[PDB]
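To keep things clear, I will list the structure first and then write my remarks on it.
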Amino acid sequence: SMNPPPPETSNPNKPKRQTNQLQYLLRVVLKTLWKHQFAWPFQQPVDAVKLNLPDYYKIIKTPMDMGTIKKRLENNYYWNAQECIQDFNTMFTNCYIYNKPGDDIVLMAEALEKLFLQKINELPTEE
Ligand SMILES: COc1cc(OC)c2c(=O)[nH]c(-c3cc(C)c(OCCO)c(C)c3)nc2c1
Ligand code: NA
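Position 61 of the sequence shown, counting from 1, maps to 102 under the entry's author numbering, and the rest follow consecutively.
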């Protein structure tokens with residue numbers, strides 16, 4: 042069994058900027074979720090090999106996780122807040138698509154997503 046390569050976190054071909062919204066995404070949004078008691082399954086790519094989930098990457102063709110997001114923020118990968126917000130939504134959506142209501146991982150995702158929603162509701166106006 043094999044995992045795919047992780048999503049990229051560096052690409053000199055990609056355009057990027059450092060903005061007040063992206064700073065908020067790191068300092069407020071990512072930090073809040075990262076510290077949460079239920080963050081840990083989401084802090085790195087799903088290891089479908091060790092977890093014995095051989096169909097994971099058959100169903101999830103756009104993997105995303107907060108370790109990748111953290112690196113993207115820290116390594117100034119993004120052009121705008123929407124690109125980052127999309128990554129968070131992909132991560133949550135992947136969990137809901139793969140799993141079933143009431144599963145522990147879904148409950149965990151839902152807790153993180155509640156906080157995500159509240160933080161992004163106060164994303165500052167661009168400077
Ligand atoms: C340890 O990190 C994870 C991260 C995950 O997603 C971010 C998942 C995930 O999306 N599903 C599961 C997973 C694993 C098993 C063995 C489960 O029991 C029944 C088989 O379907 C369930 C319901 C979910 N484990 C993750 C572990
Ligand atoms: Na993943």
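All C-beta atoms, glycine included, are put in the ideal place defined by N, C-alpha and C.
Buried is the label assigned to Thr109, since at least 16 other Cβ atoms lie within 10 Å of its Cβ. Selection around ligand 2 by beta-carbon proximity, strictly under 5 Å to any non-hydrogen atom, yields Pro86, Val87, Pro104, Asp106 in chain order. The C-alpha of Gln123 lies about 16 Å from the C-alpha of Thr134. Collapsing the DSSP output to three states places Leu148 in a helix. Apart from sequence neighbours up to five positions away, the residues of its chain that approach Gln85 with a beta-carbon distance below 7 Å are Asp106, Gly108, ordered along the chain. Relative to ligand 1, the nearest heavy atom lies less than 7 Å away from the CB of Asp144.
The criterion of a C-beta distance shorter than 8 Å is satisfied by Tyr119 and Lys57. Taking 8 Å as the upper bound for CB-CB distance, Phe83 and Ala152 are not in contact here, some 11 Å apart. When the alpha-carbon of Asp88 is set against those of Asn61, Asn162, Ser42, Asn130, the nearest one is in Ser42. Pairing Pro165 with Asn61 gives a Cβ-Cβ distance under 8 Å. Remark: the shortest separation between the CB of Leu94 and any heavy atom of ligand 1 falls under 7 Å.
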